[PDB]
Amino acid sequence: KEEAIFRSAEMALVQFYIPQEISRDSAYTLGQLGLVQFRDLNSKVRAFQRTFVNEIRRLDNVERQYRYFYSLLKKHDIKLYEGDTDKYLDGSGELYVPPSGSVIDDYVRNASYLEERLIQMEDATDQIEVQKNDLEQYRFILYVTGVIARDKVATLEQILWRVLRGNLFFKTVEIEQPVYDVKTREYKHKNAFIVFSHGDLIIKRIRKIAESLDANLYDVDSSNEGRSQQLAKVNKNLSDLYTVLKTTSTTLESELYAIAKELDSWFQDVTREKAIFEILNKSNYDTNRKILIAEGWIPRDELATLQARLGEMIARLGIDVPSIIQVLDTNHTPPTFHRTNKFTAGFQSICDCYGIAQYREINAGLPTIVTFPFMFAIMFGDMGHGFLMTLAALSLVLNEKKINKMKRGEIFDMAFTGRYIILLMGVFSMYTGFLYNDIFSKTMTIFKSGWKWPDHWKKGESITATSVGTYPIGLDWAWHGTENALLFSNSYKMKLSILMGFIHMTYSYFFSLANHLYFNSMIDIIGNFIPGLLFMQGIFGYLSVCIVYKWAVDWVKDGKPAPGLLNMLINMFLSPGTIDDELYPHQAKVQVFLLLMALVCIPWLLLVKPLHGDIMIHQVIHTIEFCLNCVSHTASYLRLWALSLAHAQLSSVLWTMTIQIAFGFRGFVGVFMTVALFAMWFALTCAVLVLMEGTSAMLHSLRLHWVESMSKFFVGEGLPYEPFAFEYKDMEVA
Amino acid sequence: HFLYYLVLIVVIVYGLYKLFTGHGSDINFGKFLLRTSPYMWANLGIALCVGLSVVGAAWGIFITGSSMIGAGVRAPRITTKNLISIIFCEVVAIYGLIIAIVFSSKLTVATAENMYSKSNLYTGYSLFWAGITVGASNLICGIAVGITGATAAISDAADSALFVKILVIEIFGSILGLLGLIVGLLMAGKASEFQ
Amino acid sequence: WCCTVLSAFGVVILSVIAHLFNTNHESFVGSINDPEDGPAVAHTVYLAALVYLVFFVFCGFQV
Amino acid sequence: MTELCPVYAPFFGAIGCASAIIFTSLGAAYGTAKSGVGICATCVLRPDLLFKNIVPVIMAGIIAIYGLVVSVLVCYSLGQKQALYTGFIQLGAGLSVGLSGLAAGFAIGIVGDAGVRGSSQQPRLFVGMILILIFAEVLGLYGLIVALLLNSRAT
Amino acid sequence: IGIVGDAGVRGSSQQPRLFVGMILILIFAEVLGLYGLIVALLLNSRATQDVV
Amino acid sequence: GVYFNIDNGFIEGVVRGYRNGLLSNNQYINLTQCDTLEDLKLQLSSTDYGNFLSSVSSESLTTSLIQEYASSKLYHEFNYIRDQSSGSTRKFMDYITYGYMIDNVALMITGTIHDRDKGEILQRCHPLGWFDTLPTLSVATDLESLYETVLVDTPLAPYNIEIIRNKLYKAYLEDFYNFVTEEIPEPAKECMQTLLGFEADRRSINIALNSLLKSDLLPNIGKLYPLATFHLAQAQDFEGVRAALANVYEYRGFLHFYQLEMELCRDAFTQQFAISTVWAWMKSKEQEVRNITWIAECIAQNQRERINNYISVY
């Protein structure tokens, strides 16, 4: 089995001669494998005539009432123990999972019976909850009076103030421990209201108004003995109502306990049973021979498994069917199956949220394994902050087996599926923070410096060091605290941003030649690659080899003036000759030759592809897209410098405002000060620098890949692999 | 709104007060432009270069970003396909950043003498108006690319009928920003450092 | 747990600071804004190091 | 005092320190207020997204931290008898992280309010939200880069 | 206290219990004026200290 | 239009994403071939309705049920957009509902004047126009009494049963006409004057068409205010209004109101920094929830002759 991580997998268009006797049973043994992405063989048929839709509608009406059963498991609050024996039965590795017989037709006449009885049981136990809440509010009070829903007091006072005279009596009282209802299905507050009037026709209007709203007004006796008589009459009927209500609630809820510890078992083989039918609809049938052809996409290095699976099914089915899954060649576009293990799946996942690749294209997620953490590492770059991120990811990597099953939170599956994309960040950012000479805000003094300060000086005078050597690994620690520590670091980082962005732009760009030479398209090489390679290499390669050339020429023992690359760039294109001060001999006769070559390429890029209609427009919007984006991308690798300056410098102030204040020769005040302003440092440092600053850096190392790398070689989109498989789907999705 | 017509009466009255009393040559904008420090103009041109560039870059970003987040509620694939509209809104801020780095290199301390000389006043005016040219041209190109990339977001709701034409006018706004960049690089092309 | 891991980092980070003041390191006491008498500012974070070792072994009994 | 260092020369510096934190805090306020009204309207009915949807106010707060750094850095270079050269580079660092951090804090506010109302009707927008949000954040960081670069030329 | 005045006085007629929460907001709002009275009394103490 | 996307950017981006859920003219041809309501449900789930009938059964799927689940799915989207609006748009979407609650106080009075139940009548009432006093409508049947008693606290307070309906509705549409020219910017000025005028037109034509004085109950905001109001005021027969309606070039030959509305609505989406989009979506989606209902009535009882009367410009 050849792996599919550099390009995609070689996909084979198999088609299945499945007979009508095992069409329902053989679909499981390849649904259990999880290999075949089927095609829409019925995309012109009306969606209600796919010749299994009366067998999907009848188990959608079973899954419609399983999510009604789970709504009863959320109303009456049963814990839903959810025995996972179905996951233990079908292990999703091999085709040993047996099918189900006529047990599905028992799940239909079982699921329907529960819906009818449950609907009657719920209607009856909510109808006696209506008269329960009717009597529990009548025992609160025990002229017109009653109770409303406690949010209408402002508008019942408002309408009763305007309708009798503007001069009427009113009294309001609250209700403690509010009750639920039937229409709102929620515990709503209530308030007792009392009005008073002497008119006969006024009373009728008031009663009608109160009745119309969310109220149920009553009539009480105008005596204390009548109130004590009716209170004993209502509480005598209400205790008999508690007597009838408790038995029916217990019968209902314990009948829910008969399914609620067990419903998750017989939901899985219903969602899995509907999936097979849905897969079956995408097929064709023959009137003469009872066959069922369903042409789908298998990887070609997986045709060995299908023969064995077919043979095993044939052994366990005495019809002696041909089962001829024979492969044909097609003109369609097969999917892109990349074969990723647990290390390269977190890197493949963030490179195809920008797009699923073309079939058998250069996968971008194989270079993203090293390019994405390293790019982040440039921008983050600290041994202390990289050590807190190794220990943040190392803990997850060390015991991944016991995190493989856990509660799996929202920001904990995202932090766990990329545990290797966080570990390889913090190791590359520990090497980068060792090249930046960077522990948490300070430097490691571990090699001999190449900068020797002079012998004697006065306290409070400017001192200029002399170079006696070069520091072997990284920046000198003699650049720490100096006044021009930014005039060296910025120039070095900003030229590092150009050099590491040009190399990532040309390693990514070479992929285009890696797959215009694989697809056997020599027109696109001479029409797109070589005119774009000459232009990109000249305009920005010429820039990139002059950082390294100015870094490899000593401009202080030669007596020559050190040039300016920025100045040199802006007079290659504006007055192409006339160098201010030269960089290498015979410069202008090649510095205008580079311009001539680039200028010749701009016609070539556009004219060659149509001349070898629609491709003339598609090329003329591709050349002007290529020309003004290479001048945009190279200027947009400066984010690496910007976020690295805004991490190193920002941390250097976060040290000063918490820890460096807390130093002093103090006995009792200091040992509290440098403990409190250490917990005001480490907590703040983790919160700001590792999380907010770190996320900012990983979204530009995600942006450099989505637009500055995958612009060049990641042409087109493809339909994802996504095979027909079985997954232990949750009941929570309802 | 009334204070505009109250500080215009003061300018008319104080103009005619100086003019009628023979002292109208006291309101001289030349001696103002010649006694004023060039580091004012040069660094109120650098800081207002990256300032108005970022102000237009962000103005474009919340126009087309809040459009394609609203357009991505139904079609979520637009936010990873129409992120080219928020590239060119942000390269506006890159173009105001490059000018800042180039301009800064021309910003050195001058001596007590040779401070209000010809070349120092030149490079003060030059970095002032060039930082306004590339700061406000990038402010307008960031607004333009934002309001034409927001019509790229609610037209990528429709599948493919218009995005190949919309992109052409998306990059026509980028070309204007680039042409503004190469004007501020030629306004301060002959401006020297402070000497 | 928060004070255990916070004191585990505390002991390691604070003590190596006390050793980078007790040895008169150039990156800590080499400025003019330096904490003078490095072996006297060192005992402030020797005692601060071991008081995090107190919080570490005291909160390490509830684990 | 002299011609190089007059008495009004630390006005630019003092104004710059004040400008760096008042303009970033006004933009971070507008970012917090529109994102917080998008959160406290979002998580009325979807309370389990309360930690994903809070990243616009964290990211708008990072603009305030950027503003704070500029104010501290240029208050370290203030002084009574300072040159007027360093007065205007402290005012350039002031209003270059200032008026850039307010526009970046505004754009975090509008994009973050549209995002946290959009990444709850469809959760697939949460990856698209922050990548727009980062762009509206680093425009304040681009303002900060100019300030650091321009404060690197004081004395 | 104008805005929380007609805020707290209009909703008190529908619920007579929202009065101890109204007055603590009015104390909070009222103190700001007294903060301005503290600085206005500390500035006015400094008119005598060596005014020359 | 550089200030529109501040408060209305997510708003317009999602409303313009709802008009792509307006199922097109090909989406009715495959939807008029069902002959059972189950099949229609089966292929209405492929649209941007997106399986909204996933909770109802299939044996008991009434014609009305689809009419009220599709309208509930409309109205939750409307007050989803409405509670995300600023003070220039939250008011405008409230003024949309103000013309709905006039049709609700017009139906509560003519339902409570006769012998009818509050609950049954309340179910038919449109739920975008719903104020807290509206379930009463039973203190008095007098028109004068209603204003002081029940309409005083409503936002209908600055505004026999159809007489006070047009008395409310003309003053409403005048107040809604000079609001959209005051606080709403330029790309929706020409929209909310012409589209609104059309609404004043096909209401003023229905005044004379339903009347066969009248000068005070007719709204005057549209193209028939200066000239055709006097000619339509003294029209007593159908030929008088037929001769009066010939003066306008956009209304000649019509005396076809919703087809002219939908053709005037498809040009309203042609602007794309305007807030007239949410009115065009509201009247388009309210159109296509009575197109689906008109199809489902021809499917519930077999009426195959008059199906193709649905009207979709989008």
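Let me begin by describing the structure that accompanies this report. (Residues numbered from 1 in each chain as written, not as in the entry; some residues may be left out. Chains lettered and ligands numbered in written order. Part of a larger assembly, values for the part shown. Heavy atoms only, no water. Residues with missing side-chain atoms left out of burial classes, pairs and counts.)

### Examining the environment of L689 of chain A
All names here are of chain A. Within the secondary structure layout, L689 lies in helix α21 (residues 670-700). A sequence separation of 28 residues divides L689 from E717, and the C-alpha atoms of the two residues are 36 Å apart. Residues within four places of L689 in sequence aside, it is in contact with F380, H385, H647, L650, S651, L684 and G694. (Helix = DSSP H or I, 4+ residues; strand = E, 2+ residues; numbered from the N terminus. Contact = heavy atoms within 4.5 Å.)

### Digging into the pattern of salt bridges
Its salt-bridge partner being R57 of chain A, residue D39 of chain F comes within 2.9 Å of it at the nearest N-O pair. Separated into two different chains, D39 of chain F in helix α3 (residues 37-44) and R57 of chain A in helix α2 (residues 57-75) make up a pair that spans both. A salt bridge links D524 of chain A to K609 of chain A, with the nearest nitrogen and oxygen atoms 2.9 Å apart. Pair noted here: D524 of chain A is in helix α16 (residues 522-550) and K609 of chain A is in helix α18 (residues 588-611), with a separation of 85 residues, a long-range link. (Salt bridge = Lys/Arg side-chain N within 4 Å of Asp/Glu carboxyl O.)

### Observations regarding the arrangement of the chains
Comparison of the eight pairs of chains in contact shows the highest number of contacts for chains B and D. Here chain B and chain E are not in contact; the least distance found between their C-alpha atoms is 27 Å.

### Focus: the interface of chain D and chain B
Contact residues are listed per partner, giving 35 residues for chain D and 42 residues for chain B. Among the secondary structure elements, those contributing two or more residues to the side of chain D that touches chain B are α3 (85-116) and α4 (125-151) of chain D. In terms of residues, the side of chain D that touches chain B owes the most to one element, α3 of chain D, which gives 16 residues. Here the side of chain D that touches chain B is composed, by residue class, of 24 nonpolar, eight polar and three charged. (Nonpolar A, V, L, I, M, F, W, Y, C, P; charged D, E, K, R; others polar.)

### Some details on unusual backbone geometry
Its identity as a non-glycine residue notwithstanding, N24 of chain C has a phi of 55 degrees, on the positive side. Looking at the element boundaries, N24 of chain C is found in the loop between α1 (2-22) and α2 (38-59). Residues other than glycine seldom take positive phi values, yet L137 of chain F does so here, at roughly 35 degrees. Along the polypeptide, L137 of chain F turns up in the loop between α6 (118-124) and α7 (143-149).

### Notes on the pairing of strand β5 (residues 191-196) of chain A
All names here are of chain A. Where strand β3 (residues 144-148) meets β5, five bridges bridge the pair, whose relative direction is antiparallel. Residue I148 lies in a different strand from β5, and its bridge partner there is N191. Note that strand β4 (residues 169-174) and β5 share six bridges and pair antiparallel. Bridge pairing in β5 places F170 opposite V195. (Pairing = 2+ DSSP bridges.)

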